[PDB]
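As structure tokens, one chain now follows by itself in the form deposited in one PDB entry.
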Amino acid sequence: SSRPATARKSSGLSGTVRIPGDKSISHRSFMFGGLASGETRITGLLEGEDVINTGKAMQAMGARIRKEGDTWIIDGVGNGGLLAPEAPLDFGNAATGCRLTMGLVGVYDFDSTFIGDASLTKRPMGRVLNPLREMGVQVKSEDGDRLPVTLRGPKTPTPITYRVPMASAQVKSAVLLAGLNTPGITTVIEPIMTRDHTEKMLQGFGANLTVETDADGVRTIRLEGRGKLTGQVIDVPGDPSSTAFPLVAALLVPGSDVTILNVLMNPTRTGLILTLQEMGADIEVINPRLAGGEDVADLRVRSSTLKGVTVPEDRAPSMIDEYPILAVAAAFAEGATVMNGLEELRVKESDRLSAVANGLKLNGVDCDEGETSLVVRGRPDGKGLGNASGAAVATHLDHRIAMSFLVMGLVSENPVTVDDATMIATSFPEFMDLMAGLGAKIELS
């Protein structure tokens, strides 16, 4: 069921720790490794529940996946070699696995059914199902294009040129993956850049995929379908979204000095760091280097005094999953922090804009929730913040709401309680141990 947890005011956080692997790249490592010809070897894989579910779905379609020592080894089926699954593919809490797999297997001439948990089942799939319908896929979904969904691909899919209407890397990714089993050229036009793990990894696996960027920033991504993919050696970098939690905690808890190692620094993932630096954060980027084909660095974070800033709508895609923890940082900053262009937060694991605003208010923070924006006014000394009565923040099955508010409790005058910590393991099973090791006081009921 649910397992509440309470975070208490802590003394300085201190230590050096390696952050778990990147979730986005980990999902794709299992997917591309399972699809490619031959063997793929992965080190640094995130072993959270979301990623394990993607792995099980790939096994259900013929990939052999196993862990030898600290390396995941995958024997792929080759492009065009996916086998019809016997039962529904259960993605649990993971929209990434679900949406990308819809594109990947929806274009195959067999039935595939997709199911998930109470959170995933409420999220919109129309954004990926519409382009698939244009490609010839037959779709059976629940009202509003929600799970459960059953797809059946045509004998020969139709390649399309699709302009993504919202800044979603998952929609871009689903169309490109569908293009892998479609004859001809599939083109995705992305007006605003989103995380590019699919493009970079498919090129690494040998796909004839090109990316052209116009001077105005619009990206035209072309993929030639039904081409060979070759197994690769993958070294997964640390998750910058998971890094955000100990990083913001170190900035807010006085007397802190925390170094996080091997953090992915791809600019489509670092909007929070840029934003915190503008607010006055002391974050040092150490030994920037190339590892596994990606930019990584170690980050040394020290306690800082923060000031509110205006966060523009165009930075949102580069930090979309970090708005919950940014809002918590803003609760302790001098002045107002204003964030717009947040419509996408309403369709995540939880409606994050509503969950964050309600959680902040429950914990004494002055904030204003707009249809697509949030304004937060802070109290630097944390006085009056938190909830002395022990009232619990509603997490709405969202791991990031649970983690963000637990970070808040390490700083607020009064403890912060979340109604459930059980979903944290979907993306960061190491969270409790990692934070405790740094000195955080978090009591699990």
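Counting begins at 1, following the sequence as shown.
This protein has a second form, the form deposited in another entry, left out of what is shown; the following refers to that one.
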item: Between the shown form and the other one, rigid part of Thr270 equal to that of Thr337; value: yes
item: Shift in CA distance, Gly204 and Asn287, in the other entry relative to the form shown here, given it is 3 Å or more; value: closer
item: Cα distance between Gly116 and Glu343, which in the other entry differs by 3 Å or more from this form, closer or farther; value: farther
